[PDB]
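Just the one chain here, the form deposited in one PDB entry, laid out as C-alpha cells.
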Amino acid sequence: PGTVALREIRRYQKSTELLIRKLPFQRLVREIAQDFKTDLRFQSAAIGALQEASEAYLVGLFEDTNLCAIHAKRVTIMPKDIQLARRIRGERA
C-alpha cells in the first residue's frame, strides 16, 4: 500500500476468489483451441479474463434462474427452469 495501488490488490484478491480450478479451465480453453484448429497462442491475461467472465456468466445464469423460481415448496433446479428464466430475463450473452 506504498508502492502498490489498492485497486490492483482488489483485482488480485478477486482472482483468488474464482470457483473453477485454474488448471482444468486452462485445459478447457485448450480443448476449444484444438477444435478451432487455432494456429495461435493466448497471453495469460487473456485466459484470466476468460475465466473471470465465464464464472460471472454462469453465476448470472443461475441468479436469473433463482429469480424466476417462485414456489410454495422449495424446488430442485432443472433444465426447463433455466430455459424459462432465460426467456423471462433474457440471454445475458
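A residue's number is simply how far along the shown sequence it sits, counting from 1. What we label the rigid core is the largest C-alpha set whose atoms superpose within 1.5 Å from one form to the other.
Quick note: we don't show the form deposited in another entry, though the next part is all about it.
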item	value
Post core alignment: residue 68 C-alpha displaced by 2 Å or more between the shown form and the other one	yes
Large Cα move at residue 18 between the shown form and the other one, threshold 2 Å, rigid core	no
Core superposition between the shown form and the other one, C-alpha change of residue 45 at least 2 Å	no
Closer or farther in the other entry: C-alpha pair residue 13, residue 64 (3 angstroms or more)	closer
Cα-Cα shift for residue 12 and residue 26, closer or farther in the other entry, minimum 3 Å	farther
